[PDB]
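*Asks:* next input, structure requested:
(2 chains)
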Amino acid sequence: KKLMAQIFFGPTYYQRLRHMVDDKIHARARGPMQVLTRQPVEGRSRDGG
Amino acid sequence: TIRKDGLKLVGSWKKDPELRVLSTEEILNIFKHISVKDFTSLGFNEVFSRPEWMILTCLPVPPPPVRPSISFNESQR
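*Replies:* Numbering: from 1, shown residues only, chains lettered A, B, ... in the order given. Below you will find the coordinate block:
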């Protein structure tokens, strides 16, 4: 069916930015602990909390 | 009149000036002679903190858990 409103429509230049979700998703139940304080390590690269 | 010059207390006795460094030995001795009533009026406690315990004569050494050797060189401590 026809849309009751007419749509603004046309080509436009878009950039893909460096921030993707697959580089940011991170979850941790249990894993490595810090040697001094016996607390979880820091950062998703180290499976941190 | 007592001032501090770095980590040491220098006393200038008004001339009865005599400037000299107060040895921690004599400060400890004069702290140990303070009566219980005197230093309990100064805020100290007879059981948990006497003034003469502010002078260090025996250092407690923490166990290795306090100061661990986190060797990351995979061979060198």
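*Asks:* spatially central residue for chain B, please.
*Replies:* The centre of chain B sits closest to residue B:55, judged by CA atoms, centre = their mean, with a distance of 2.9 Å.
*Asks:* what sits against the residue nearest to it when sequence neighbours are not counted?
*Replies:* Ranked by CB to CB, 6 or more residues apart in numbering or on different chains and with sequence neighbours excluded, the top spatial neighbour of residue B:55 is residue B:28, at 4.5 Å. For every residue, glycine as well, the C-beta is placed using N, CA and C. The contact partners of residue B:28, by CB atoms under 8 Å, 6 or more residues apart in numbering or on different chains, come to B:52, B:55, B:57.
*Asks:* following the helix or strand harbouring residue B:28, which helix or strand comes up?
*Replies:* According to DSSP states H and E, residue B:28 maps onto helix B:24-32. Sequence-wise, the next helix or strand downstream of helix B:24-32 (DSSP H and E) is helix B:36-41.
*Asks:* list the contacts of that following helix.
*Replies:* Against helix B:36-41 from outside (CB under 8 Å, 6+ apart): B:46, B:50-51.
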